[PDB]
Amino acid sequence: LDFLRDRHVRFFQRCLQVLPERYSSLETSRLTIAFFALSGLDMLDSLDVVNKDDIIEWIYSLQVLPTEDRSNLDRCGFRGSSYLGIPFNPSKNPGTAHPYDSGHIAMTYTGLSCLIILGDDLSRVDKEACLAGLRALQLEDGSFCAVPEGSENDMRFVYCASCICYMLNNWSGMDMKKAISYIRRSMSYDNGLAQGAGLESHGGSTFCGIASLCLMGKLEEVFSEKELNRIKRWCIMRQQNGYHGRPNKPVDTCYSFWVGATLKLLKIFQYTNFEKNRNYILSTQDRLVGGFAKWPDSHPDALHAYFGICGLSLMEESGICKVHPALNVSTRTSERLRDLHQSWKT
């Protein structure tokens, strides 16, 4: 039907507040929940309803700073929350050694991203430490892990690494040649991009791969015109009404961004069917509590609410800022980041 803007603003506000114990499994990734809500409000031009200063301090308390002896550089970045019990410290004093405290690539990414959205200038971010931590996460094949202690490695983290290097405007955080190699090797026989070589191509990983290359400014250089045409074909075939993540799977609101944004980066989103996409997204809108769900008559969540909104933004929904398809922030925020980068260059 119509877009319930105010309802979604309240939904995101609640996300930043207090959650029932049934959400305990989100503890270690509260920072990305914050990202969804903050970036979501930003996308709806409502950041005024939150105390940017309080949140900025909270975010900074999540930064893993190097210790006096700087012997933990390979573990710096941001935590998803304070579940380790380390005393509150908004990046003031130096790092307090802890056997198992380290950053998480997806948190370092959403953390920096949140700081920029809130207006912070990143002066309190130990840029060199984060980049040091980032490098430590890259594997031989070019992909990345989430934490230095070891974890699964795939395209998702390659995108995270790319976003971090882009925001800190310094690519010393990764071996770009090896990352690009990983992205190329993930292209499937059906022409989409998978989580890794040999795996089933997926809308999510295709976005991560393509967006990473755009952030590096090497899309054209890495894939031939013939190749890009094959990828475009794979991506545009994902639309049924809304978009699904892979052939023969049901559509899900979030793909309106994952795949839609990829199409935007490949400059052919304009050739998709807008009405059917918009209608599907809106059908997953929760008119009572706000936010969006993956499917209609399904429970809403911060992730699908954010991506449903970014999906709508791709088609310029009345009342929603234009999203920067590769950086996953509002163009406004991407512009502010450009200014920020300039000021540093002095």
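Position 1 is the first residue in the sequence shown; the rest follow in order.
Look at the C-alpha B-factors of 86-94 and of 196-204. On average they run higher in 86-94.
As the entry records it, the average C-alpha temperature factor is higher for 129-137, out of 250-258 and 129-137. As recorded in the entry, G119 carries the highest CA temperature factor of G209, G80, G119, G245.
Placement of the Cα temperature factor of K294 within the chain: middle third of the modelled residues, per the deposited record.
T28 sits in the middle third of its chain by CA B factor, as recorded in the PDB entry.
In the deposited entry, the Cα temperature factor of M315 places it in the middle third of its chain's modelled residues. Ranked by C-alpha B-factor against the other modelled residues of its chain, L62 falls in the middle third.
Compared with the other modelled residues of the chain, the Cα B-factor recorded for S162 ranks in the lowest third.
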